[PDB]
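Engineer: Below is the structure I would like to discuss, written out as structure tokens.
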Amino acid sequence: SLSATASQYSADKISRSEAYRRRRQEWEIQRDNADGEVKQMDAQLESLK
Amino acid sequence: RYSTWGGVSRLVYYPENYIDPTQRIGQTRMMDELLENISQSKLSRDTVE
Amino acid sequence: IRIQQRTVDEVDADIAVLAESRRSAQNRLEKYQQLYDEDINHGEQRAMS
Amino acid sequence: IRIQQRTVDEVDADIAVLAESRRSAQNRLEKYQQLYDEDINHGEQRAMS
């Protein structure tokens, strides 16, 4: 029973850890999308002037 | 298949291309326990110790 | 001449619209960059341990 | 002639805007392709077992 309880606690630790990692990966895509927005709008400024 | 035939033939000559330092046939239970204990994303020097 | 001058004033106003869009886009870039770099904060790291 | 030459330069700038847009779209394609191919990473697989 103690072995089962320890296994469940370890599983929660690893599961939550990987959830934070996938959360960071989504943040990286959001950052890259925002970087493209600024670069795209700076190219539009050249067209406007 | 040419892909799978080449994979098994190269294993004898270049096994280092397939060695994984985290999994190996024959890994001890105590080694599996060690991998679980350092499966988080924030590994301090003291945590690994 | 007066009509065409108003056309010049309109594209100047359209440049101002682009500036506001870029200002908001820059804020998204900075916010997501800060989240990505910080990654796992001290509170989340404490809970996992 | 000078005014119409500016029109040619304007569509050249609009082509440059499209190039920046495609750069962000291509990056999104690669990021999600890598995530889809990777699927379940070793950490998540370890927790489930």
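Following the order of the structure tokens, chains are lettered A, B, ..., residues in each are numbered from 1, and ligands are numbered from 1.
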What residues in chain A lie within 8 Å of chain B, counting only C-alpha atoms, written as a list in words?

Structural biologist: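 Here is what falls inside 8 Å: residues 10, 13, 14, 17, 18 and 21 of chain A.
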
Engineer: Can you give me chain C superposed onto chain D, least-squares on all Cα in order, written as a short mmCIF file (atom, residue, chain, number, x, y, z; two decimals) with N, CA, C and O atoms, in the first residue's frame?

Structural biologist:
```
data_model
loop_
_atom_site.label_atom_id
_atom_site.label_comp_id
_atom_site.auth_asym_id
_atom_site.auth_seq_id
_atom_site.Cartn_x
_atom_site.Cartn_y
_atom_site.Cartn_z
N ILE C 1 5.07 59.81 -64.85
CA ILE C 1 6.00 58.68 -64.83
C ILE C 1 6.54 58.47 -63.42
O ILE C 1 6.65 57.34 -62.94
N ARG C 2 6.89 59.57 -62.73
CA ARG C 2 7.39 59.46 -61.37
C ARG C 2 6.33 58.93 -60.42
O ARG C 2 6.63 58.13 -59.52
N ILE C 3 5.07 59.37 -60.59
CA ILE C 3 3.99 58.89 -59.73
C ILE C 3 3.76 57.40 -59.93
O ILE C 3 3.63 56.64 -58.96
N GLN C 4 3.71 56.96 -61.19
CA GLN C 4 3.46 55.55 -61.46
C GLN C 4 4.61 54.67 -60.99
O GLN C 4 4.39 53.51 -60.61
N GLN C 5 5.84 55.19 -61.01
CA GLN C 5 6.97 54.43 -60.49
C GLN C 5 6.81 54.17 -59.00
O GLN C 5 7.16 53.09 -58.51
N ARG C 6 6.29 55.16 -58.26
CA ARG C 6 6.03 54.96 -56.84
C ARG C 6 4.98 53.88 -56.60
O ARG C 6 5.02 53.18 -55.59
N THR C 7 4.01 53.76 -57.51
CA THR C 7 3.02 52.68 -57.40
C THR C 7 3.69 51.32 -57.52
O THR C 7 3.33 50.38 -56.79
N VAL C 8 4.66 51.19 -58.43
CA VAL C 8 5.42 49.94 -58.54
C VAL C 8 6.19 49.68 -57.25
O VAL C 8 6.27 48.54 -56.78
N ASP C 9 6.77 50.72 -56.66
CA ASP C 9 7.50 50.55 -55.41
C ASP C 9 6.58 50.12 -54.27
O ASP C 9 7.02 49.40 -53.37
N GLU C 10 5.32 50.55 -54.30
CA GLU C 10 4.40 50.18 -53.23
C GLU C 10 4.06 48.69 -53.25
O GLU C 10 4.02 48.04 -52.20
N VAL C 11 3.81 48.13 -54.44
CA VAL C 11 3.47 46.71 -54.51
C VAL C 11 4.70 45.85 -54.22
O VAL C 11 4.58 44.73 -53.71
N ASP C 12 5.90 46.37 -54.49
CA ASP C 12 7.11 45.69 -54.05
C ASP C 12 7.19 45.66 -52.53
O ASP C 12 7.59 44.65 -51.93
N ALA C 13 6.81 46.77 -51.88
CA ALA C 13 6.75 46.79 -50.42
C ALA C 13 5.64 45.88 -49.90
O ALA C 13 5.79 45.28 -48.83
N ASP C 14 4.53 45.78 -50.63
CA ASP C 14 3.46 44.87 -50.23
C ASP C 14 3.88 43.42 -50.36
O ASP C 14 3.40 42.57 -49.60
N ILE C 15 4.76 43.11 -51.31
CA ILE C 15 5.32 41.76 -51.40
C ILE C 15 6.17 41.45 -50.17
O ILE C 15 6.15 40.33 -49.65
N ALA C 16 6.92 42.44 -49.68
CA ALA C 16 7.72 42.24 -48.48
C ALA C 16 6.84 41.97 -47.27
O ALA C 16 7.21 41.18 -46.39
N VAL C 17 5.69 42.63 -47.19
CA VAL C 17 4.74 42.35 -46.10
C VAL C 17 4.28 40.91 -46.17
O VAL C 17 4.19 40.22 -45.15
N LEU C 18 3.97 40.42 -47.38
CA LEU C 18 3.54 39.04 -47.54
C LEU C 18 4.64 38.07 -47.14
O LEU C 18 4.37 37.00 -46.58
N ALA C 19 5.90 38.41 -47.44
CA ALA C 19 7.01 37.54 -47.09
C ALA C 19 7.13 37.38 -45.58
O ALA C 19 7.36 36.27 -45.08
N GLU C 20 6.98 38.47 -44.83
CA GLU C 20 7.04 38.38 -43.37
C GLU C 20 5.88 37.56 -42.81
O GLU C 20 6.05 36.82 -41.84
N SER C 21 4.68 37.71 -43.40
CA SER C 21 3.55 36.91 -42.96
C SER C 21 3.81 35.42 -43.19
O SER C 21 3.51 34.59 -42.32
N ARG C 22 4.38 35.07 -44.35
CA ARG C 22 4.66 33.67 -44.64
C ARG C 22 5.75 33.12 -43.73
O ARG C 22 5.70 31.94 -43.35
N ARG C 23 6.73 33.95 -43.38
CA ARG C 23 7.80 33.50 -42.49
C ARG C 23 7.25 33.13 -41.12
O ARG C 23 7.65 32.13 -40.52
N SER C 24 6.32 33.94 -40.59
CA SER C 24 5.67 33.60 -39.33
C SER C 24 4.77 32.38 -39.48
O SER C 24 4.72 31.53 -38.59
N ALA C 25 4.06 32.29 -40.60
CA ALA C 25 3.19 31.14 -40.84
C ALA C 25 3.99 29.85 -40.94
O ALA C 25 3.56 28.81 -40.44
N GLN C 26 5.16 29.91 -41.57
CA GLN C 26 6.01 28.73 -41.66
C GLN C 26 6.47 28.28 -40.28
O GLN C 26 6.54 27.08 -40.01
N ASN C 27 6.78 29.23 -39.40
CA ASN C 27 7.21 28.88 -38.05
C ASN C 27 6.11 28.14 -37.29
O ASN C 27 6.39 27.18 -36.57
N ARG C 28 4.86 28.58 -37.44
CA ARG C 28 3.76 27.87 -36.80
C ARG C 28 3.62 26.46 -37.37
O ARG C 28 3.34 25.51 -36.63
N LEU C 29 3.82 26.31 -38.68
CA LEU C 29 3.74 24.99 -39.30
C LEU C 29 4.81 24.05 -38.74
O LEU C 29 4.52 22.89 -38.44
N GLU C 30 6.04 24.54 -38.60
CA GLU C 30 7.12 23.69 -38.09
C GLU C 30 6.93 23.36 -36.61
O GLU C 30 7.17 22.23 -36.19
N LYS C 31 6.50 24.35 -35.82
CA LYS C 31 6.34 24.12 -34.38
C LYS C 31 5.27 23.08 -34.10
O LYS C 31 5.48 22.16 -33.30
N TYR C 32 4.10 23.20 -34.74
CA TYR C 32 3.03 22.25 -34.49
C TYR C 32 3.33 20.89 -35.09
O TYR C 32 2.89 19.86 -34.55
N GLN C 33 4.06 20.84 -36.21
CA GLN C 33 4.46 19.56 -36.77
C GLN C 33 5.38 18.81 -35.81
O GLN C 33 5.24 17.60 -35.61
N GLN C 34 6.34 19.53 -35.20
CA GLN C 34 7.25 18.89 -34.26
C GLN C 34 6.51 18.38 -33.02
O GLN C 34 6.81 17.30 -32.52
N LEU C 35 5.55 19.16 -32.52
CA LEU C 35 4.75 18.71 -31.38
C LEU C 35 3.94 17.47 -31.72
O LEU C 35 3.84 16.54 -30.92
N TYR C 36 3.32 17.46 -32.91
CA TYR C 36 2.49 16.33 -33.30
C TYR C 36 3.30 15.05 -33.46
O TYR C 36 2.87 13.98 -33.03
N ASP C 37 4.49 15.15 -34.07
CA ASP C 37 5.31 13.96 -34.28
C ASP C 37 5.85 13.42 -32.96
O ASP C 37 5.86 12.20 -32.73
N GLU C 38 6.32 14.31 -32.08
CA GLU C 38 6.85 13.87 -30.79
C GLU C 38 5.76 13.24 -29.94
O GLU C 38 6.01 12.25 -29.24
N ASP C 39 4.55 13.80 -29.99
CA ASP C 39 3.39 13.26 -29.29
C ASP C 39 3.62 13.22 -27.78
O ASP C 39 3.69 14.27 -27.13
N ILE C 40 3.75 12.02 -27.22
CA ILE C 40 3.93 11.83 -25.79
C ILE C 40 5.42 11.68 -25.51
O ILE C 40 6.04 10.72 -25.98
N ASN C 41 5.98 12.62 -24.76
CA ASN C 41 7.40 12.60 -24.48
C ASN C 41 7.69 11.59 -23.37
O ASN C 41 6.80 10.96 -22.80
N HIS C 42 8.98 11.44 -23.05
CA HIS C 42 9.40 10.41 -22.11
C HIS C 42 8.89 10.70 -20.70
O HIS C 42 8.55 9.77 -19.96
N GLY C 43 8.84 11.97 -20.31
CA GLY C 43 8.34 12.31 -18.99
C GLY C 43 6.88 11.93 -18.80
O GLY C 43 6.51 11.33 -17.79
N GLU C 44 6.04 12.26 -19.78
CA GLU C 44 4.63 11.90 -19.69
C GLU C 44 4.44 10.39 -19.72
O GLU C 44 3.57 9.85 -19.02
N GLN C 45 5.23 9.68 -20.53
CA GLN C 45 5.15 8.23 -20.58
C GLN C 45 5.57 7.61 -19.25
O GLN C 45 4.99 6.60 -18.81
N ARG C 46 6.57 8.19 -18.59
CA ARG C 46 7.02 7.68 -17.30
C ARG C 46 5.93 7.81 -16.24
O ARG C 46 5.72 6.89 -15.44
N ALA C 47 5.22 8.94 -16.23
CA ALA C 47 4.19 9.16 -15.22
C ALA C 47 3.04 8.17 -15.36
O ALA C 47 2.53 7.65 -14.36
N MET C 48 2.62 7.90 -16.59
CA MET C 48 1.51 6.98 -16.83
C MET C 48 1.84 5.56 -16.37
O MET C 48 1.01 4.89 -15.77
N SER C 49 3.06 5.11 -16.66
CA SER C 49 3.48 3.79 -16.22
C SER C 49 3.58 3.71 -14.70
O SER C 49 3.39 2.64 -14.12
#
```

Engineer: Report the distance between CA of residue 46 (chain B) and CA of residue 7 (chain A) in Å, rounded to one decimal place.

Structural biologist: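 CA of residue 7 (chain A) lies 22.4 Å from CA of residue 46 (chain B).
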
Engineer: Would you mind listing, for every residue of chain A within 7 Å of chain C, the two atoms forming the shortest contact and the distance between them in Å to one decimal, using only C-alpha atoms, sorted by chain and ascending residue number, as CSV?

Structural biologist:
```
residue,atom,partner,partner_atom,distance
A:13,CA,C:48,CA,5.6
A:24,CA,C:36,CA,6.0
A:27,CA,C:36,CA,5.9
A:28,CA,C:36,CA,6.3
A:30,CA,C:32,CA,6.6
A:31,CA,C:32,CA,5.2
A:34,CA,C:29,CA,4.9
A:35,CA,C:29,CA,5.9
A:37,CA,C:25,CA,6.3
A:38,CA,C:22,CA,5.9
A:41,CA,C:22,CA,6.4
A:48,CA,C:15,CA,6.8
```

Engineer: How about saving the chosen residues, N, CA, C and O atoms kept, as an mmCIF file, in the first residue's frame?

Structural biologist:
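result37.cif was written with the following content:
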```
data_model
loop_
_atom_site.group_PDB
_atom_site.id
_atom_site.type_symbol
_atom_site.label_atom_id
_atom_site.label_comp_id
_atom_site.auth_asym_id
_atom_site.auth_seq_id
_atom_site.Cartn_x
_atom_site.Cartn_y
_atom_site.Cartn_z
ATOM 1 N N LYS A 13 3.872 14.393 -9.542
ATOM 2 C CA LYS A 13 4.998 15.308 -9.703
ATOM 3 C C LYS A 13 5.445 15.387 -11.158
ATOM 4 O O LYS A 13 5.639 16.479 -11.702
ATOM 5 N N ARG A 24 4.965 26.111 -21.306
ATOM 6 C CA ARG A 24 6.024 26.991 -21.794
ATOM 7 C C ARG A 24 6.149 26.930 -23.312
ATOM 8 O O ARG A 24 6.443 27.943 -23.955
ATOM 9 N N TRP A 27 3.717 29.197 -24.776
ATOM 10 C CA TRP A 27 4.188 30.569 -24.620
ATOM 11 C C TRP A 27 5.225 30.918 -25.680
ATOM 12 O O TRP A 27 5.269 32.055 -26.164
ATOM 13 N N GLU A 28 6.085 29.960 -26.034
ATOM 14 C CA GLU A 28 7.091 30.211 -27.061
ATOM 15 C C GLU A 28 6.446 30.492 -28.413
ATOM 16 O O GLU A 28 6.895 31.376 -29.152
ATOM 17 N N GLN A 30 3.408 31.716 -28.848
ATOM 18 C CA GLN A 30 2.786 33.030 -28.718
ATOM 19 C C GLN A 30 3.811 34.146 -28.870
ATOM 20 O O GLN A 30 3.537 35.167 -29.512
ATOM 21 N N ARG A 31 4.997 33.974 -28.278
ATOM 22 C CA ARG A 31 6.056 34.968 -28.430
ATOM 23 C C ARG A 31 6.477 35.102 -29.886
ATOM 24 O O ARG A 31 6.661 36.217 -30.389
ATOM 25 N N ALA A 34 3.850 36.997 -31.846
ATOM 26 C CA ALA A 34 3.898 38.430 -31.579
ATOM 27 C C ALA A 34 5.099 39.079 -32.255
ATOM 28 O O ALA A 34 5.008 40.214 -32.737
ATOM 29 N N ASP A 35 6.235 38.379 -32.290
ATOM 30 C CA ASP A 35 7.408 38.912 -32.976
ATOM 31 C C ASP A 35 7.131 39.108 -34.460
ATOM 32 O O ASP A 35 7.548 40.112 -35.050
ATOM 33 N N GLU A 37 4.205 39.729 -35.721
ATOM 34 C CA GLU A 37 3.275 40.848 -35.838
ATOM 35 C C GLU A 37 4.019 42.174 -35.932
ATOM 36 O O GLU A 37 3.698 43.022 -36.771
ATOM 37 N N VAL A 38 5.024 42.369 -35.075
ATOM 38 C CA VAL A 38 5.782 43.615 -35.088
ATOM 39 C C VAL A 38 6.577 43.751 -36.381
ATOM 40 O O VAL A 38 6.615 44.826 -36.992
ATOM 41 N N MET A 41 4.174 44.593 -39.273
ATOM 42 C CA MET A 41 3.655 45.955 -39.246
ATOM 43 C C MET A 41 4.730 46.981 -39.586
ATOM 44 O O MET A 41 4.425 48.062 -40.090
ATOM 45 N N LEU A 48 3.221 52.173 -46.471
ATOM 46 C CA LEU A 48 2.370 53.335 -46.237
ATOM 47 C C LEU A 48 3.070 54.635 -46.616
ATOM 48 O O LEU A 48 2.459 55.514 -47.232
#
```

Engineer: What separation in Å, quoted to one decimal, exists between CA of residue 26 (chain A) and CA of residue 42 (chain A)?

Structural biologist: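 Taking CA of residue 26 (chain A) as the start and CA of residue 42 (chain A) as the end point, the length is 24.8 Å.
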